[PDB]
Amino acid sequence: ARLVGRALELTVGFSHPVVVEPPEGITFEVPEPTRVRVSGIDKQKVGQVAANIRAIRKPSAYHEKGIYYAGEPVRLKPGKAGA
Amino acid sequence: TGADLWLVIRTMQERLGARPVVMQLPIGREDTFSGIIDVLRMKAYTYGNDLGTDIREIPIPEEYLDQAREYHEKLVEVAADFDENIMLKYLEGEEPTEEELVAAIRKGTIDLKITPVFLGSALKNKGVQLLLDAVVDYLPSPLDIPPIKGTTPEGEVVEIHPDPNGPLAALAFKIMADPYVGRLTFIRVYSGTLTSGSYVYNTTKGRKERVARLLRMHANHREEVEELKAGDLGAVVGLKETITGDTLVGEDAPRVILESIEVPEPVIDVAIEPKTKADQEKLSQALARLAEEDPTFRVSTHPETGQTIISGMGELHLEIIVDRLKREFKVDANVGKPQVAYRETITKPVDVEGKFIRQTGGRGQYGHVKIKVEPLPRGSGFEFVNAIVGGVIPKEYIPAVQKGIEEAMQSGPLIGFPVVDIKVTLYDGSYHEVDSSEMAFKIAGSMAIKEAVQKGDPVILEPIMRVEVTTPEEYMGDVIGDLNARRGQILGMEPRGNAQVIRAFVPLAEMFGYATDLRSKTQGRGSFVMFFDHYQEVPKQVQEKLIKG
Amino acid sequence: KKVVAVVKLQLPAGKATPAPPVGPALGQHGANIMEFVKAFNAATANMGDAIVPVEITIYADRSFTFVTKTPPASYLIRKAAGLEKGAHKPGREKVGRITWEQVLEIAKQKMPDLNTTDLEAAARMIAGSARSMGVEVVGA
Amino acid sequence: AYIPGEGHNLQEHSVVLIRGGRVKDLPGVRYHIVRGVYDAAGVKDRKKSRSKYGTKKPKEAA
Amino acid sequence: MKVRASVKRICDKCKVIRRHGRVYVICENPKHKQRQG
RNA sequence: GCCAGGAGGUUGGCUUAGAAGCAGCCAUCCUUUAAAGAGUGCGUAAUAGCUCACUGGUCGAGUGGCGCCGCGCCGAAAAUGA
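Residues numbered from 1 in each chain as written, not as in the entry; some residues may be left out. Chains lettered and ligands numbered in written order. Part of a larger assembly, values for the part shown. Heavy atoms only, no water.

(A) Representation of the packing of aromatic side chains within the structure. Residues and elements named next belong to chain B. Applying the stated criterion across every chain yields a total of 6 aromatic pairs over all chains. Judged by centre distance (5.9 Å) and plane angle (45 degrees), the rings of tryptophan 6 and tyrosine 71 are tilted. Of the two residues, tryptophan 6 sits in helix 1 (residues 6-15) while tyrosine 71 sits in helix 2 (residues 66-78), which places them 65 residues apart along the sequence. Look at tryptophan 6 and you get partly exposed, because its relative accessible area is 44%. Assessed through its relative accessible area of 34%, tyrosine 71 is described here as partly exposed. Consider the rings of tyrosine 397 and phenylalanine 441, whose centres lie 4.1 Å apart with planes at 15 degrees: the pair is stacked. Residue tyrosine 397 is found in the loop between strand 19 (368-373) and helix 8 (403-407), and its partner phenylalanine 441 is found in helix 9 (residues 438-454); the two are separated by 44 residues along the sequence. The buried category is assigned to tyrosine 397, whose relative accessible area is 3%. (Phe/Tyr/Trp six-rings, centres within 6.5 Å; stacked < 30°, edge-to-face > 60°. Helix = DSSP H or I, 4+ residues; strand = E, 2+ residues; numbered from the N terminus. Buried < 20%, exposed > 50% of the residue type's maximum accessible area, 1.4 Å probe, protein only.)

As structure tokens, then:
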């Protein structure tokens, strides 16, 4: 997860970089690439963008890998369960 | 992305128990690669590009240095578990002479002690010449490879010396095809010199062999050599008999033999039924050049069903075998499921009347046999008793009336297969001087048995194997799951060493090609052994569903 | 190096193997459990067996220490009330019978174990656990 | 194709060496087998007809 | 389950939540994911 | 709601390859306690663990359960255009 100028250029399981842009009323801010930070000055439109990115790259995908708020992943059998 | 160090390292002593001393460290993780440092000779060979047209070796770019330094220390420190100089030298804090590294380290290396981790990247030609140098420095010469084991022309031990004056004595491996020099045998001799244009002799199945031209696959073009030395390697022409693993001495050369007894034990069992049995023997010729170019597999027919079975040690292995078939051999064979030998029995005491009241044109051959029939455990065996209620049936039926008990017990009443693991008995009969032959009461026995087994509580004793799951605890729980889901039941869990092995009941009908299954549930932690036990019933519904025609 | 790891288990007297999870707990220990096997079997020479609790440990420089405990009350009732494997199901069948002394030793032996390190509760306590295993009682 | 007698394996290939000679047995007995060939190699322990019945030179090594 | 006229609270960790008009039965495991339809 | 005790005989006995509160039959305790069950659910190869139960710390005002009746709501798809 990078942050060039104004936009955030994170790079997930997608075949291309994910390009977000802090809109009016709230600010993001990416300290280190492993975890994005978002100073949200609008509790409502805030979680909407939290969910924006979480649903941009959904985590847990059977085993792991993705974008977690911090919500403890529920598993499911990896290299198995497909006869 | 994912190219690392501690990764590999950790994985080594955590998946076997090695001792991964390494000797080179990267300059830039993923994409950002530019070369390597060498904690061995204390140098930093760096490749300024991928293709490797213009490389270099400047010192540490500034940030590394100290890093690799501790690992350099590690090197010498570890070398303390060998000689005496190095250990005491680290005690002194003295500098290792650049070649005692080559010593103590090649020492441990070839001694199977340390794990000279040299590394790099292929496509971006980097981390190469360091490990070529590391080959020429730490990779073992035949001088260091211990006395190779084997047998004599008599029977004992052997000593295969590197002696390039020693008795011609060789091994060979691969059976190559070729247009010009045809049958090509890829060989590594061992002990004994061999000329270009001389003779030899197979030291296995005995055959005087003509050696035409010794050869060396020199990367691009192949290079014809005057001789093969004792320890050197190469491929020869001719040898119109030499298969694989054959021990090959000269025409004389104390006719010595090599040990090397390996095993491609069976793990796969897939059936194959060509359309008409005309395509079949035709494909016995197919196999005739399939089982004679690739050892491995076993082409064994079943007894209690026809159809030759292809057994072997690989899923995809057997499959691309079948591909090669449907490629350059074009067979029409709807690759069948392996069939089963089905025995059978009963569970009740039936009294019946095997009365043969038939007076043909005078001779009859009439046989009134009164038998009691008793059933006992599946695994017992076949019984019968010399049971005459007083003195009825003649003593010439005794070993021939029971025949018709045996005879009519090869063909069961249901679908019909050998009814085994039963007692029997008898008790009375009726006898007449002329109106009776041996086979008369044999067939009285036939009638008796057919009625007493049709009306006797039918059942089907399908076979069930024991199987030793050779695998650790994780995938052990997993596979115990699978095996329960395979109709049978386990019954064995003895905690082994690097594994924990589970002795398991599994029903031969199920457990079909279980390796393919297993080789997944454990990813790859070994497997099992075919340890056949005995047979029991198929839970009602499977018995009638099979009643076909 | 591995600093202080005290791991205690439930190894019965007769099994001379480091079978898991004795491995992945006392391997990070360098366990002389082999010494636990040949110094605890003889410690209880009066029978040399029965299921006994243990406690083993490591002190940095690979230092072990086994700590043994007492037999269990369902085995220590099978030996007493003349049970073979048991009186098959606690709500139907009964073998022997517990009176006013066999119970006494059932509690006496296992004085420093049960729950209450006191006598005037233990007796009746396991005398009820008796009915849990299926052994009748003579009452006087 | 018959066989040179006791001590068998032969299963299904063997390269049974078509040979020659009928008798009052099997309406054929023609073109016998050899033992040795690609398979069989004679009786497990034979002391005479080793000229087809396989066994090399009974060296009891004593 | 998942969409059927007979929606239950099954494993007590499920709730009836009259959302967007009609009944669903939500929990943790989406396997219990009924609906009044 | 939140913090925390959440125990000991024990792995109840019966089974069973094992059935350890926990796949199943009987059961149908007793004790250390303020309170902790022969256990509610997840989980395990069975243990482990998670867990409810129960009881105090906090807390400060109402809650938990069952039945009935009136109107609804899901149940509720078909052919030219309503």
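Still more to cover.
(B) Quick peek at the sheet that holds strand 1 (residues 2-4) of chain A. All names here are of chain A. Judged by pairing direction, the sheet is antiparallel, and its 3 strands sit side by side in the order 1-2-3 without closing on themselves. Looking at which strands have only one partner, the edges of the open sheet turn out to be strand 1 and strand 3 (18-20). Direction aside, the axes of adjacent strands within the sheet are offset by 25 degrees on average. As defined by bridge partners, strand 1 adjoins strand 2 (residues 7-10) across 3 bridges and the pair is classed as antiparallel. Note on strand 2: the bridge partner recorded for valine 4 is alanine 7. (Pairing = 2+ DSSP bridges. Axes fitted to C-alpha atoms, helices over the stretch in contact; angles between N-to-C directions.)

(C) Quick look at a negative patch on the surface. A cluster of acidic residues, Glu92(B), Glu94(B), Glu95(B), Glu98(B) and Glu99(B), forms a negative patch at the surface. Examined against the element boundaries, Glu94(B) turns out to sit in the loop between helix 3 (85-92) and helix 4 (98-110). (Patch = residues over 30% accessible without salt bridge, like charges linked within 9 Å, V, L, I, M, F, W, Y side chains within 5 Å. Areas by Shrake-Rupley, 256 points an atom, 1.4 Å probe, with all protein chains shown as cover. Salt bridge = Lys/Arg side-chain N within 4 Å of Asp/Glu carboxyl O. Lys, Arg positive; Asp, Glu negative; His and termini not counted. Charge placed at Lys NZ, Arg CZ, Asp CG, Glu CD.)

(D) Local environment of the arrangement of the chains. Counting contacts across all 4 pairs of chains found in contact, the highest total belongs to chains B and D. A minimum C-alpha distance of 46 Å separates chain C and chain D, which share no contact. Taking C-alpha atoms as the reference, chain B and chain E come no closer than 22 Å and do not contact one another. (Contact = heavy atoms within 4.5 Å.)

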